[PDB]
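Okay, here's what each chain looks like letter by letter:
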Amino acid sequence: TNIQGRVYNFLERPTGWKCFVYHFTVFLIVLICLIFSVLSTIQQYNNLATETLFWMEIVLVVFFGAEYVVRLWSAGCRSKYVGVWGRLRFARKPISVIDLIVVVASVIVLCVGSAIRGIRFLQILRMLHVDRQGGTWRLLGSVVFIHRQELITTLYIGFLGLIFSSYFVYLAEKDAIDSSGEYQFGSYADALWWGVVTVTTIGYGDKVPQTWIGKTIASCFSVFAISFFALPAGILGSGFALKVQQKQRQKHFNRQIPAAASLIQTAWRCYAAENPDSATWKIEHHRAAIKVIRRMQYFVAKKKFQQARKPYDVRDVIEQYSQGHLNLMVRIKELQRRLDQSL
Amino acid sequence: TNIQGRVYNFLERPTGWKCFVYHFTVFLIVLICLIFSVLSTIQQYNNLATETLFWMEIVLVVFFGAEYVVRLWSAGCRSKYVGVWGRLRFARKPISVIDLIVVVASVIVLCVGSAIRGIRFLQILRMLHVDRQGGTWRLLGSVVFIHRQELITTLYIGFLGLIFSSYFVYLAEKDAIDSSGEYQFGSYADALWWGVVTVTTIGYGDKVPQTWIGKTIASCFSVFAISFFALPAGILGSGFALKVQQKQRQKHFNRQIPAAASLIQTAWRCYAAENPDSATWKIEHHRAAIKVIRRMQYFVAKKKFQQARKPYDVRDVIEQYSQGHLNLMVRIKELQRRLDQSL
Amino acid sequence: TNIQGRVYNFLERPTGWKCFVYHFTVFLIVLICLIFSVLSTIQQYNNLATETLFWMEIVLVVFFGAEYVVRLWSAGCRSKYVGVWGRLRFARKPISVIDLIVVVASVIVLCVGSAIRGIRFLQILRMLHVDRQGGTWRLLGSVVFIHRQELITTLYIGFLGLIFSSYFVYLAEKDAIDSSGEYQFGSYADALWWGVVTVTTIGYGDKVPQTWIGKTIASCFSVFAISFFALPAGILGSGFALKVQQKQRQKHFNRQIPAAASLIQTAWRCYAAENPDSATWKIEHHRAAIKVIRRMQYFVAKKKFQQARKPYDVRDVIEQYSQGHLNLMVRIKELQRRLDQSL
Amino acid sequence: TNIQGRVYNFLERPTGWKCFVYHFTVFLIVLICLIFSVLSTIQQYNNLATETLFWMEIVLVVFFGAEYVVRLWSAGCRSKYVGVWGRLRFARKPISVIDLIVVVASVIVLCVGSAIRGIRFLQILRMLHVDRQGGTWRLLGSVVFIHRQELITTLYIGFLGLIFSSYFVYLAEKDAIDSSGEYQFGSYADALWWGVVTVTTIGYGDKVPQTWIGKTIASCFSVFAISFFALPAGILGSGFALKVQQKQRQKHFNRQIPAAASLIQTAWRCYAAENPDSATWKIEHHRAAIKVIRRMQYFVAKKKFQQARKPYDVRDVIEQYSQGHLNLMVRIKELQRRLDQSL
Amino acid sequence: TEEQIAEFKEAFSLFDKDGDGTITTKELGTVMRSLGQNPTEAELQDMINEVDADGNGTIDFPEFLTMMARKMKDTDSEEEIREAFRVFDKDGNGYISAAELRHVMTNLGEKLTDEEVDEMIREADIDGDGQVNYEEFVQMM
Amino acid sequence: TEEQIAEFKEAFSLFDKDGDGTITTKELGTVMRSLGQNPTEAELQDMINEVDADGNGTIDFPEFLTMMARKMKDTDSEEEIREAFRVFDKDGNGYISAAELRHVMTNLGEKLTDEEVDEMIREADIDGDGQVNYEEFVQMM
Amino acid sequence: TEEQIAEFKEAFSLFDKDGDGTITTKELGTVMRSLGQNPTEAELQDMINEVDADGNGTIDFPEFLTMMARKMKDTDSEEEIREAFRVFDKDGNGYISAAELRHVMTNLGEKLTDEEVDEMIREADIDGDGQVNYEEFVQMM
Amino acid sequence: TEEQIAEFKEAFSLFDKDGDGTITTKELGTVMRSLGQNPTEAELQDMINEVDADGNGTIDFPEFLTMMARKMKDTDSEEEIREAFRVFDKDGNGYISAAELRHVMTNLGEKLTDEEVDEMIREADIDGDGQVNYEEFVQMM
Ligand SMILES: [Ca+2]
Ligand SMILES: [Ca+2]
Ligand SMILES: [Ca+2]
Ligand SMILES: [Ca+2]
Ligand SMILES: [Ca+2]
Ligand SMILES: [Ca+2]
Ligand SMILES: [Ca+2]
Ligand SMILES: [Ca+2]
Ligand SMILES: [Ca+2]
Ligand SMILES: [Ca+2]
Ligand SMILES: [Ca+2]
Ligand SMILES: [Ca+2]
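**A short note on the overall build of chain E**
Move 1: On a plain count of helices and strands, chain E comes out with eight helices and zero strands.
Move 2: A compact globule built from 141 residues should have a C-alpha radius of gyration of about 14 Å, whereas chain E, at 19 Å, is more than 25% larger.
Move 3: Overall size of chain E, expressed as C-alpha extent along the three principal axes, is 55 × 35 × 25 Å.
Move 4: Taking the contacts inside chain E whose residues are at least 6 apart along the sequence as the reference set, 43% of them involve residues at least 24 apart.

As structure tokens, this is what we get:
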């Protein structure tokens, strides 16, 4: 029966309407819980909310436990996760682990209990549940990896600038007391903090350079530093845009098939090659040659598969042209030979 | 007579000089009204302005009503909106609906009346009138749709970060009273607000982390969060730029024509196919075959049309090359055959 | 003699080393003057600086006048600016006009005179002198024009959002007095100002929403608005980057030549066509046909020239391929014919 | 023996695991030192830390000296740096110079000595040590160079705007005293500072325009200025992204080889050409012709090498097509000739 | 759908020209010739490509079935047709000149015969006015 | 414009080489041959493409009319010509060497005959100086 | 590795068809013909390209050695294979229909003989169920 | 430079093969044949393209002069050569194996004769060690 598979689909990797709705509902519930927690946190609505939380939180945790159990049960759909070991492996995955932590911690809290310190934290953690299959994070991670060389540089140089600016401001404004009667840059730590604020472009204004020289230095070292700090946001965005554009001009999925098949076949052939008295030895020196040829074919096949996987590009076009052109040339040569042969 | 059509053009979807001028004038008037409303809102210029507003606002509403009526009348230009039902359908469109709401509400206000609470709101709403045909919003929407996968992710992760940061700051600065004699982070709500401010990079400075640990955490969790929050602005901008670039290398409109015609013809043929004793049955098994062929042709045609619609791309180039190359090969083969045949 | 031309080159459109140095010096001088003006503006260094300004400013103005005169003299290098009318036309150009305004105004100030109100303004204006030939502004303008459709939209929607947010905040925080004992949102104008600040992400913190509802609304309407306001900076940057990239893959200048020549020739031919007894009538119905042919050629030539001017693109490649392919096909056909003819 | 080379690799330009670890450790140490310095700077932890610094700092400096010595020794691996002169040249490089400055300065400080003013500065400088081979800075520099034309413009126009805005605000708010009883815009310098803050989007809020006119002007001149100031961050990011994309579609390294070899050979041939009785004169007028031919070949070769170095592009594709097409045409012509010849 | 599938199978068999049950371009060409249209090889290739699920230059039976499955008068399909119509429609309205339409049918694209065009016109213009409502026509289709 | 249209029609008819009223490339080629220029097929194709409104490899009468319509001495057109002139103009001024110009006319692009070049020179250089004002020439044109 | 290198050298020598010690495409083609596969020139070119270190249309001995060096059952290689398998696997699981697999082997790509396919099936499906675990198979390989 | 220019003119005249004073590819090919290298048409085209200032498939005398003008041992040129050398240099140093260099000269690119290679080696390696300093060589050049 296909029921387990269906269940798995519903729970993890869902494109279903009903499934989507369910997920949305869950998210909403989580949000509501968070809101309630927040309300409890402020003193004016503490006595009324605690009881409600006690009533609801336990139920929520039970529900989540049930869901987890169901998910575990459903793992058998995927052949990667079969038996006990497979299930353990599945559990090992990050989101699942997080969920487990949330549930067990919640249970512990309940046992301890209607005040609770860690419950708030658990609630916060819970919001991470909805990003199933790591589809949110993974993309971002990939993008970061792609643009790491530049991003890292930006982080570094900017950081250095910030440090330097902080130092300079400390040097400037050590002696200068504020109008309110308190030293703004007593410690270097304070200066550093100020610098961080400035580069961030938050501009709290708890600390501001008092001396004219200090002001001048801030003016000098701000703009560049600001630009540097803004860079990551920009660059990442650009990368994302580029990725989207690339996606927009992807190959069709049908073109990947034959190449893949070929690759598989070549792999099989290679495998056979080791086995001396196999069926694939159909159609010593000769054998050796054949092995080499098979390996070559496999290599070709892999390359082809990779190409298929990738999006369309100028290089691909060039390759295609080359392939065409050589063939045409060969044909022409053959024709010429035929002509010569006749005469 | 073409007068209705002309009127429609003037009102909605105008590229005319006069029309443009009219629109500009309208916009200016709206702006002036808004300014007047603002002035009225402050106490120093309330008594002098009310009378003026009364005099003018009614006139404005009348004008708008007239315009609406004219627009409704003009709907008959478009065959999508014919008769009463067509007009109703037209009205259903968002901008029109908004306009209707504005006018009726204004009328109601006048009836009630020279003070008015909702009039200010109506004025604000009015500014939306100028973006006719949804040309402003639609583009933006499209761009968002294109870059949703990444944008959504950015919104999510950033939000999560913000939440976490807020929580950490609350944990840090619960006990710590300010220098002014008031707890900055009494509630978790306050902390959340602070976090929101910080990520936004507004930096009001009504609340600032007092504890050193708190400051450290802010420093840690700011930069990344800031970057994340800036991402949408960046990414969207990049997308827009890319779109513009694409537009810059668009196909000529004449190339779309023939393909479109072909598509139309194929559709007609397909339609005919069902009708047994039609004129298109010119030039049982055979009939069936013909049907299939027609369907195939239609499919081809659709694809061609789509290609024509799209901008120039490497894939298109590759396709073109393939088409050329195959033809050339065929020709060569024919030549070869001829040569062989002769001998 | 080529001296006038040389002078022109030195003054306007310079790539010279010496010229560059001169320009830099001028810029430095301007900066120094500005600094002096600033110093004068503050009360502590007013009495000492005025005399210096009087001494220097007159000299500076004289120098600038001399420069202007020289530039005017040099206009004769360019055939666009010949005689008196040509010179007048040259003067009409914006930068020149600005310079003239600066000089005459300065003279007027001197005549009036050692205090001066407009001198500060003149100094500020002066800084614009260095951007000669409009090379700075023009590029920017072009970019804006290219990305106007989206930029405008962003400006509009964002503005609308800002307005709405302001209104909502006014509605929220009308009654709520601050802790200092003053109404933050007394007028709608104040609210609007606050909104503007928030969207800008300056965050002065002179006004902050006091009510919880107000805070909530700010939280809601901030992020999106912030993103919208950041968009122009992003989008423009992206556009600039794209332009740079395009420039990086430009055609060689030698490829433009022949096409240009062809275009010129075709134009000349067309011109001749009208003149009945000309030399170009070498090699009634026939004449008419020839005219048509010439026009066609001209049209072709123009297109070719345009293509040459543009950077490399996929469309160009496709065109090239088509051109090649047709030729090849023709050749093949000819060969086939020859073969047939022989037999 | 290859030991020197290995040492060099370990120290400078390392891709090793162990080397990486070492570098990380060094970085961590530096960070720790910086932290300690910061702690010392604040008054509460001055007496306890000084002794520790004295103990550690000397050791650190010794270590760095040793490292420097080792690096100097290892220079002999590279043939660019051989002997004493080579070593001197190596030392001349910026990072090395910086390191030298750090060490000598530290030594001087120690000699002077346990208070130290310059030690803090030295610590700050030290953080720059880790960016070995200039791999961080160089990329950034390159990007800046690529996008200078636009970046410079943005810097200029934005600056101008800032100046103008400042002036206008000064004009507005000269007479207007604040609510606290102090003139916010007493000097033009103050106004300028405010403007700088506003454009940066820090928004300290120490100074805010008091007059309504001033506020209006700020509103007007903010948004555009803000956008301009954000531009560099955006544009640079975009450039970086583009670079990354380009890198992603690079040529294979094997394709560069043959071209390079050819270039080398051509250079050698050219060199030989001058020497009359050389071995390369194998296979007066004739000699002259040969020289010319060799030069031509060299020129071709250089171009080819350059092409190989560059990434894949549409121009390259077009070139390839042209090359193919001409060859094909030639072949066809030959065939035709043969056919004609036979008959 | 059993009957339908049987019919489809029958059709495929008659098309196939062989026991392999795998339609090459050559077979298709032969079929076309039998009708008497006389198509270009490129055209044939194009026709097969759209059909082909696997994308291997040969129409599988499953592929054939799939193509049959996706029905006309689906909303997505209609939009394209509407766009095409718009491309030929001056005055930015749901209206085109009947004569003009006829001309276009005769000339541009895969040429349509005079009789066929007449029939089309009759189908479309119920009213005597030449300004024909293309949207309505599309809906009908 | 009735007379003009009639003239155009007449011209078209003489060009056409057939009763179809649809100019192929072949017809154009024939016409060219009759004159005696002997053009390449690619060139012919290029010529037709610019003209063609529908973009279907055949010049319609409306297309022909359209091409006739867009007149020279329009400002947009002039700019291109000016740019072209600049491309050949050293010293970044509205001035080029007469001899150099002549040489360019003789050699580069669609070659111009000696007599024609002489005529052009005469038209341009009213003054005896070889430094000819190209902008002025363009304006005159 | 001395023995291995000797073996490789021997293999190369038998392949080479000449004393030059530089494998052209022609030699490879000849070798293929001797086996009797009868490959296309393009295919041969492709085969050489992957091998070639210098990228000069000729397989050097060092190049050959390099190709031999990079071993299968490296993790990177495995991933590609897994991806390929997934491409053919419906229901987004580590499971594919045995019959379907067989069909694919017979038809798509570099066709595999019936006997070979049978052997493959035997190797893969230890259990009697047709839903074969491709991941396991890959691991085994 | 008068003498130099005269020499260049003489050279051009001997190359030209005609009174036109405009070098086609054909002339170049003829010249090459006279030497006896026997080059490909594509190669010839490439050679002319680099030279050609106007970019019109014909080398003008001015173009020729221009090519002569730009001298070797300019710093920009040197960098490219250095890069090329690096491309073949293992161990990321200013050092390459002499034997390896010789091999590369013999095999890759525009093949260099044995004697020539020997000469090159002699020029480069003053010292008896095979690890030759390429930077030094480049500087010398
Ligand atoms: Ca068959
Ligand atoms: Ca198929
Ligand atoms: Ca009708
Ligand atoms: Ca005709
Ligand atoms: Ca046409
Ligand atoms: Ca003259
Ligand atoms: Ca061999
Ligand atoms: Ca090789
Ligand atoms: Ca099994
Ligand atoms: Ca000649
Ligand atoms: Ca030339
Ligand atoms: Ca040596």
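There is more to say, and it comes next.
**So, the overall build of chain A**
Move 1: Broken down by element type, chain A carries 13 helices and zero strands.
Move 2: Over its C-alpha atoms chain A spans a radius of gyration of 32 Å, topping by over 25% the 20 Å that the globule rule assigns to 343 residues.

**Examining the interface of chain B and chain A**
Move 1: Contacts between the two partners involve 60 residues from chain B and, on the opposite side, 56 residues from chain A.
Move 2: For the side of chain B that touches chain A, the elements supplying multiple residues, two or more each, are α8 (148-172), α9 (188-200), α10 (212-248) and α13 (314-342) of chain B.
Move 3: Per element, the largest residue contribution to the side of chain B that touches chain A is 15 residues, and it comes from α10 of chain B.
Move 4: Of the residues belonging to the side of chain B that touches chain A, the class tally is 34 nonpolar, 17 polar and nine charged.

**Considering the relation of the copies chain B and chain A**
Move 1: By a simple turn and slide, chain B fits onto chain A: the slide is 0.0 Å along the axis, the RMSD is 0.0 Å, and the turn is 90°. This pairing of chains is accounted for by a four-fold axis.

**Describing the UniProt feature "intramembrane region" in chain A**
Move 1: According to UniProt, the positions carrying the feature "intramembrane region" are residues 189-209 of chain A.
Move 2: For residues 189-209 of chain A, the helix share is 57%, the strand share is 0%, and the end-to-end C-alpha distance is 15 Å.

**Comments concerning the packing of helix α11 (residues 256-274) of chain C against helix α12 (residues 285-309) of chain C**
Two packed helices can be described by the angle between their axes and the distance between those axes.
Residue and element names in this part refer to chain C.
Move 1: The geometry of α11 relative to α12 is characterised by a closest axis approach of 8 Å and an angle of 155° between their N-to-C directions. Comparing the axis directions of α11 and α12 gives the class roughly antiparallel. The element α11 and its partner α12 pack so that their crossing is left-handed. Of α12, the residues touching α11 (which contributes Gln256, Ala259, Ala260, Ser262, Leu263, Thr266, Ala267, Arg269, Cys270, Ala272 and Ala273) are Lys291, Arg294, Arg295, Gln297, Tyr298, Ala301, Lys302, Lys304, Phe305, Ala308 and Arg309.
Move 2: Taken together, the residues of the contact of α11 with α12 sort by class into 11 nonpolar, four polar and seven charged.

**Quick look at the domain arrangement of chain A**
Accessible area lost during the coming together of the parts is what is often quoted as the interface size.
Move 1: Per the domain assignment, the segments making up chain A are domain 1 (3-130), domain 2 (146-248), domain 3 (253-310) and domain 4 (313-343).
Move 2: The distance between the C-alpha centroids of domain 3 of chain A and domain 4 of chain A comes to 26 Å.

**Details of the packing of aromatic side chains**
Move 1: With a centroid separation of 5.8 Å and 65° between ring planes, the pair formed by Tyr298 of chain A and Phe299 of chain A is classed as edge-to-face.
Move 2: The structure contains a cluster of three or more aromatic residues connected by ring pairs, namely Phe121 of chain A together with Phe164, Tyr167, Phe168, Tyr170, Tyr188 and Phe221 of chain B.
Move 3: Here the basic side chain of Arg294 of chain B rests over the ring of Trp281 of chain B, its NZ or CZ set 5.8 Å away from the ring centre.

**Points about the UniProt feature "binding site: Ca(2+) 4" in chain E**
Residue and element names in this part refer to chain E.
Move 1: The UniProt record marks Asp125, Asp127, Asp129, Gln131 and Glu136 with the feature "binding site: Ca(2+) 4", using the residue numbering of this structure.
Move 2: Note that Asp129 resides in the loop between α7 (114-124) and α8 (134-140).
Move 3: Secondary-structure assignment places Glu136 in helix α8.

**Some points on the environment of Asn93 of chain H**
Move 1: Tracing the backbone through its elements, the reader meets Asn93 of chain H in the loop between α5 (75-87) and α6 (98-107).
Move 2: When sequence neighbours within four positions are dropped, the list of residues in contact with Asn93 of chain H reads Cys77 and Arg78 of chain D together with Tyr134 of chain H.

**Remarks on the pattern of salt bridges**
Move 1: Taking the shortest distance from any N to any O, the salt bridge between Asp46 of chain G and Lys304 of chain A comes out at 3.8 Å. Taken as a pair, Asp46 of chain G in helix α3 (residues 41-51) and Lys304 of chain A in helix α12 (residues 285-309) lie in two separate chains rather than in one.
Move 2: Ionic pairing is found between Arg294 of chain D and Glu116 of chain H, a salt bridge with its closest N-O pair at 3.7 Å. Taken together, the residues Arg294 of chain D in helix α12 (residues 285-309) and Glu116 of chain H in helix α7 (residues 114-124) connect one chain to another.
Move 3: Several salt bridges share partner residues, and in doing so they unite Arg269 and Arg294 of chain A together with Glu116 of chain G into one network.

**Quick look at the UniProt feature "binding site: Ca(2+) 1" in chain E**
All names here are of chain E.
Move 1: According to UniProt, the feature "binding site: Ca(2+) 1" maps to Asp16, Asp18, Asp20, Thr22 and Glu27 in the numbering used here.
Move 2: Following the sequence through the fold, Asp20 ends up in the loop between α1 (2-16) and α2 (25-35).
Move 3: Looking at the secondary structure, you find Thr22 in the loop between α1 and α2.

**Things to note about the packing of α12 of chain D against helix α4 (residues 61-69) of chain H**
Move 1: As a packed pair, α12 of chain D and α4 of chain H sit with axes 11 Å apart at the nearest point and diverge in direction by 75°. Taken together, the axis directions place α12 of chain D and α4 of chain H in an arrangement best described as roughly perpendicular. Here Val292, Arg295, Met296 and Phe299 of chain D of α12 of chain D come into contact with α4 of chain H, specifically with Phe64, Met67 and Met68 of chain H.
Move 2: Taken together, the residues of the contact of α12 of chain D with α4 of chain H break down into six nonpolar, no polar and one charged.

**Let's talk about unusual backbone geometry**
Move 1: Non-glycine residue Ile283 of chain A carries a positive phi angle of around 75°.
Move 2: Secondary-structure assignment places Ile283 of chain A in the loop between α11 (256-274) and α12.
Move 3: One non-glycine residue with positive phi stands out, namely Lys17 of chain G, at about 65°.
Move 4: Here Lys17 of chain G shows up in the loop between α1 (2-16) and α2 (25-35).

**Section: the side chain of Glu57 of chain D**
Move 1: Tracing the backbone shows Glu57 of chain D in helix α3 (residues 47-74).
Move 2: Other than its neighbours up to four places away in sequence, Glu57 of chain D contacts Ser106, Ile119, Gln123 and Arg126 of chain D.

Calculation rules
Residues numbered from 1 in each chain as written, not as in the entry; some residues may be left out. Chains lettered and ligands numbered in written order. Heavy atoms only, no water. Residues with missing side-chain atoms left out of burial classes, pairs and counts. Helix = DSSP H or I, 4+ residues; strand = E, 2+ residues; numbered from the N terminus. Rg over C-alpha atoms; globule rule 2.2 N^0.38 Å. Contact = heavy atoms within 4.5 Å. Nonpolar A, V, L, I, M, F, W, Y, C, P; charged D, E, K, R; others polar. Least-squares fit on C-alpha atoms. UniProt positions renumbered as here; feature names shortened; annotations may be inferred. Axes fitted to C-alpha atoms, helices over the stretch in contact; angles between N-to-C directions. Parallel < 35°, antiparallel > 145°, perpendicular 65-115°, else oblique. Left-handed = near helix turned anticlockwise from the far one by under 90°. Domains from an automatic or database assignment. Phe/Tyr/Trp six-rings, centres within 6.5 Å; stacked < 30°, edge-to-face > 60°. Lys NZ or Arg CZ within 6 Å of the ring centre and 35° of its normal. Salt bridge = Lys/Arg side-chain N within 4 Å of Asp/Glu carboxyl O.

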